[PDB]
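An overview of the molecular structure
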2 protein chains.
Amino acid sequence: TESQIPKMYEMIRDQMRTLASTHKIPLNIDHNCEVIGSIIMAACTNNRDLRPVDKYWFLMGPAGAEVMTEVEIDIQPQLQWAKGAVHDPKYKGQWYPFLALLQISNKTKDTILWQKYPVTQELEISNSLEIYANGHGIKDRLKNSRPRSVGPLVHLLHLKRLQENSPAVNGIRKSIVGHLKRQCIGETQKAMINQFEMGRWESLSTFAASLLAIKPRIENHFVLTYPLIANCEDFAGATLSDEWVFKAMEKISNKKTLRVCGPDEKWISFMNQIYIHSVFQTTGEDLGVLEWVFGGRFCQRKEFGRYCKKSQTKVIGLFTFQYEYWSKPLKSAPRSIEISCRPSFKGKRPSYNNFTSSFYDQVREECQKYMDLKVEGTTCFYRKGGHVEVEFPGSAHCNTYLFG
Amino acid sequence: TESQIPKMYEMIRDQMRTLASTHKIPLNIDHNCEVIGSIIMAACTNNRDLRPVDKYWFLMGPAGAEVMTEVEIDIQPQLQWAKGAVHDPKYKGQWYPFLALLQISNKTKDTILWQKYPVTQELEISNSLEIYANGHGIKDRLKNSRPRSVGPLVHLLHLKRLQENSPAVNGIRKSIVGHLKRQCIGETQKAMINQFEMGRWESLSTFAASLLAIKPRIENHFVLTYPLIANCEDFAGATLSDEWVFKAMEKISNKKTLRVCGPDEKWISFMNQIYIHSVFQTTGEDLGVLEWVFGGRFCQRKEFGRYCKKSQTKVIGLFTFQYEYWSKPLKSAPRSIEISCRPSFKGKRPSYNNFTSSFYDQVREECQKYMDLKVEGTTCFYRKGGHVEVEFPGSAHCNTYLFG
């Protein structure tokens, strides 16, 4: 799984710089990186969406003189390389699994900048559940290649979408139902997803309350973004289940060679937190968790007004990052629910005492059981510099999400 | 924006009196001024419509002996005068925005006397919402010059006209739709005007239904009428965002030189209120505020029969006006729109709980939002004699309208 990760990162950056440096697009602007990277992922999976030559919004200017303009770029050199990697045996079939993570993480910032809830509104549920709707708008081939990363609500939406709109549909339906079942580990949630496959959505609002109560398994992987990939010069130990990604971001952060673009200079801290939000998929993480782990307070979306248009994003400051702790990516669900004798032998023994003396209800019983659960994660958190097991004692910015 | 206002009123008035005084057309009758001004507006915007010499209805007679007749006039001295102001740099390109305001305000009297609902009927919606359809019949160049002043329905009708009428189609449509979005600040309405761009007029009645609850932003300005422009001898402090217009009108009213026309002498009060309705564009504004602001009851259209023909309209009395309050013209939208724990830590925390225990729905949801809030406005009213903020206490003639 992680064997092919080191080789993918190096050429992604190589193509990241090749497209940018061809038309004098500096890579120290996030918007230059995000837009070019958006062009980059366009060539990766949906090769026909992007034009071979097209004008995109870029920050053109030498030594901080970048101004908003549309610059035509030639993507054909990048198009040929990406298509040959689709079925290249050198990746052992991990190309589509690797590309699905990239599409979700990079489009996450766009969802962060423009707060929208497409899946939850389309699933007539609470809007606070779009965290469980991760992986929306991704390619269905990616959604089949890495379905575990794609949130159940997106699959539930695709389950709803599939019913709304062919033997190959089964491999789309049974898998999407399977990803819903694999992601949602709740005993009541698994069966109550199956009735969604039947076509009834009266418990869909129950799924709205269940998701808040029982947390489905959401597999995660630490993947960098285009501004960081173009600024990362080391990929020797590029894996997906250690502190290398955390160390890499600190190395990039210590370099301070990357700038961010926003409506105004107040967003420098907000979008510095966005990098931590996007890379580790911690957009919905508790703001104090990202505070203790990353040594800095995390702002809320409510602290800022409407995000400026992509046609007017202006450089506001240098990207900064710091971390004091970390953890392995969340493989299973963070919340898990995993005094007498029966002498089966006829011989006489002393006896000892260890004690002195509906469907929605079962969902609520499981829902209330997960209210009782207070510890999350799989094994533990790890301190910076290694995999030393560290368990959190308590914080101050608790109880608050980025969108909460 | 308001820098050139003092000079525009003087030069408009100078040729306003020049055209009337050339052929001995008295300026103390409303009908003479309005018809002369109807000739004045013709030379300013649509030069190719009015004849260089033509006969129009005026009141000919000395010292109250005026009688309806058609008087030929020579508009050519005003025709060449007006065309030179079209692209004169002295106005800084504000000639187009200024002429739109004059065209809308002075056509109000014709709409008040002749109650018509052209936009709503062509939009197949409730006829009681043509007041929302402000700025109908105005020049398209003016409509592209001050689209904010032109009501959304008129733009929506022009949007409907544009679909029921080419790169110029998109340019007009984007101006129409873009200023449709600016006028309607509603989050649901903004997306619900979007399908009107393509031509999905099924929610057009729902748009009328929405217009009942959500009240869009309409930019207004205080512009005098031709009977007042020709009778106003002071334009030194002529601006658009203070009490000067209210004070300038009162001096004209105190002069008691201008006379008004009507089918019979009962209309003296009705036509006096028309000046208030025409200048401040308060045709569909509540009588209670009008009674509170201006210290007098406002007669409705139902209290009088159909307006007699302009050929048989007779002078019915002297123009009068009085006011006690005012307000800065509506710039932003008149309507105003501006609980649980989500653990992610591994730490032991004091638990806090803040709770003890379809598209049309969203459209009705935002509709209900304006229903719930009991304030329609942001800052204040103002009293006569200055800009002292005087909050509106209430009135007995509330919920009663000129066409309501």
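- Structure determination for this PDB entry is given in the record as cryo-EM, at a resolution of 18 Å.

1. Quick notes on the environment of B:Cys380
Residues and elements named next belong to chain B.
- By secondary structure assignment, the location of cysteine 380 is in the loop between α16 (359-372) and β6 (382-383).
- For the pair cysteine 380 and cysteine 398, spaced 18 residues apart in sequence, the C-alpha to C-alpha distance is 18 Å.
- If we skip the residues at most four places from it in the chain, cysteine 380 touches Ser327 and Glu389.

2. A word on the pattern of salt bridges
Residues and elements named next belong to chain A.
- Overall, the coordinates contain 38 salt bridges over all chains when judged by the stated rule.
- Between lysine 384 and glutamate 324 there is a salt bridge, with its nearest N and O atoms 2.7 Å apart.
- Here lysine 384 falls in the partly exposed class, since its relative accessible area comes to 34%.
- The class of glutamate 324 is partly exposed, set by a relative accessible area of 26%.
- One continuous salt-bridge network, built from bridges that share partners, spans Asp30, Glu34 and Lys109.

3. Quick notes on the sheet that holds strand β6 (residues 381-383) of chain A
All names here are of chain A.
- Strand order across the open sheet formed by three strands is β5-β6-β7, with antiparallel pairing between neighbours. The outermost strands of the open sheet, each flanked by one partner alone, are β5 (325-327) and β7 (389-390).
- The sheet contact formed by β5 and β6 spans three bridges and is antiparallel. From the neighbouring strand, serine 327 faces β6, where its bridge partner is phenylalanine 381.

4. Here's the deal with the interface of chain B and chain A
- At the junction of the two partners, chain B supplies 14 residues and chain A supplies 22 residues.
- In this assembly, chain B packs against chain A so that about 1,600 Å² is buried in total across both faces, 52% of it on carbon and sulfur atoms.
- Its largest share of buried area at the contact with chain A, chain B owes to B:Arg342, B:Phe345 and B:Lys346, together 50% of the area lost on that side.
- For the pair chain B and chain A, the number of links is one salt bridge.
- When the shortest N-O distance is used, the salt bridge between A:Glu391 and B:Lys346 registers 3.9 Å.
- Seen at the junction of chain B and chain A, the total is seven residue pairs in polar contact.
- Of the residues assigned to the side of chain B that touches chain A, the class counts are five nonpolar, five polar and four charged.

5. Focus: helix α7 (residues 152-164) of chain A
Residue and element names in this part refer to chain A.
- Across its 13 residues, α7 extends 17 Å between first and last C-alpha, which sits within 8% of the 18 Å expected from 1.5 Å per residue.
- The element α7 is extensively covered by neighbouring structure, given that 10 of its 13 residues are classed as buried.
- If you check which residues of α7 are buried, you get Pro152, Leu153, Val154, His155, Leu156, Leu157, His158, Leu159, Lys160 and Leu162.
- Structurally, α7 contributes buried residues whose contacts are with α5 (118-122), α6 (140-145), α8 (168-183), α9 (187-198) and α10 (204-213).

6. Looking at the nonpolar core
- One finds A:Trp95 and A:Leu153 to be the most contacted residues of the largest nonpolar core, which totals 120 residues.
- The element best represented in this core is helix α4 (residues 95-113) of chain A, accounting for 10 residues.
- Contact partners of A:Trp95, with chain neighbours within four places excluded, come to A:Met8, A:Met11, A:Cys44, A:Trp81, A:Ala82, A:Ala85 and A:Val86.
- The next biggest cluster of nonpolar side chains, apart from the first, holds 118 residues, and it includes B:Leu162, B:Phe270, B:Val293 and B:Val390.

7. Overview of empty space enclosed by the protein
All names here are of chain A.
- Approximately 140 Å³ is the volume attributed to the largest cavity.
- For the largest cavity, the lining is made up of 14 residues, of which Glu34, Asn106, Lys109, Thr225 and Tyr226 are closest to its centre.
- Among the elements of the structure, α2 (30-44), α4, α11 (226-229) and α13 (267-279) are those that each provide at least two residues to the lining of the largest cavity.
- The element that contributes the greatest number of residues to the lining of the largest cavity is α4, accounting for four residues.
- Its residues placed into classes, the lining of the largest cavity shows five nonpolar, five polar and four charged.

8. Digging into the packing of α7(A) against α9(A)
Residue and element names in this part refer to chain A.
- Contact geometry for α7 and α9: axes closest at 9 Å, N-to-C directions at 25 degrees. Taken as axis vectors, α7 and α9 run roughly parallel relative to one another. On α9, the residues touching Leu156, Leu159 and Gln163 of α7 are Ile193, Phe196, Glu197 and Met198.
- Here the contact of α7 with α9 is built from residues that sort into five nonpolar, one polar and one charged.

About the cut-offs
Each chain carries its own residue count, running from 1 in the order of its written sequence; this scheme can depart from the entry numbering, and residues that have no coordinates do not appear. In the order they appear in the text, chains get letters beginning with A and ligands get numbers beginning with 1. For clarity, the chains displayed are a part of a larger assembly, and the values are limited to that part. The side-chain values count all of the structure's non-hydrogen atoms but skip hydrogen atoms and water molecules. Residues with missing side-chain atoms are left out of burial classes, side-chain pairs and their counts. Helical segments are the DSSP runs of H or I of at least four residues, strand segments are the runs of E of at least two, and each set is numbered from the N terminus. Residue contacts are counted whenever heavy atoms from the two residues lie within 4.5 Å of one another. The working definition used for a salt bridge is a side-chain nitrogen of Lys or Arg within 4 Å of a carboxyl oxygen of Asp or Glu. Under the scheme applied here, a residue whose accessible area is under 20% of the maximum for its type counts as buried, over 50% as exposed, and between as partly exposed, the area being computed with a 1.4 Å probe on protein chains only. Two strands qualify as a pair provided DSSP detects at least 2 bridges between them. Take the accessible area each of two parts loses on contact, using a 1.4 Å probe, and add the two losses: that sum is the buried area. Within 3.5 Å is the distance limit for a polar contact, defined as a pair of N or O atoms, with the added protein rule that one can donate a hydrogen and the other accept it, and that residues adjacent in sequence qualify only through two side-chain atoms. Throughout this entry, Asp, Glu, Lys and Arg are counted as charged residues, while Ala, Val, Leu, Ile, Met, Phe, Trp, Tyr, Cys and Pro are counted as nonpolar. The remaining residues, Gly among them, count as polar. In a helix, the anticipated span is given by 1.5 Å times the number of residues less one. Think of a nonpolar core as a cluster: buried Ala, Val, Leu, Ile, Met, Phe, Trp, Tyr and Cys residues, connected wherever their side-chain atoms sit within 4.5 Å. Site definitions follow a grid-based scheme: protein atoms alone, a 1 Å grid, a 1.4 Å probe that fits but cannot get out for cavities, and for pockets an open set with protein on both sides within 12 Å along at least five of seven lines, plus lining residues having an atom within 4 Å of a point. Grid points are joined across faces, edges and corners, and a volume is the space filled by probe spheres set on the points. Only the stretch in contact is used when fitting a helix axis, every axis being a line fitted to C-alpha atoms; angles between N-to-C directions are given from 0 to 180 degrees. In these notes the angle categories are as follows: under 35 degrees is roughly parallel, over 145 is roughly antiparallel, 65 to 115 is roughly perpendicular, and the rest is oblique.

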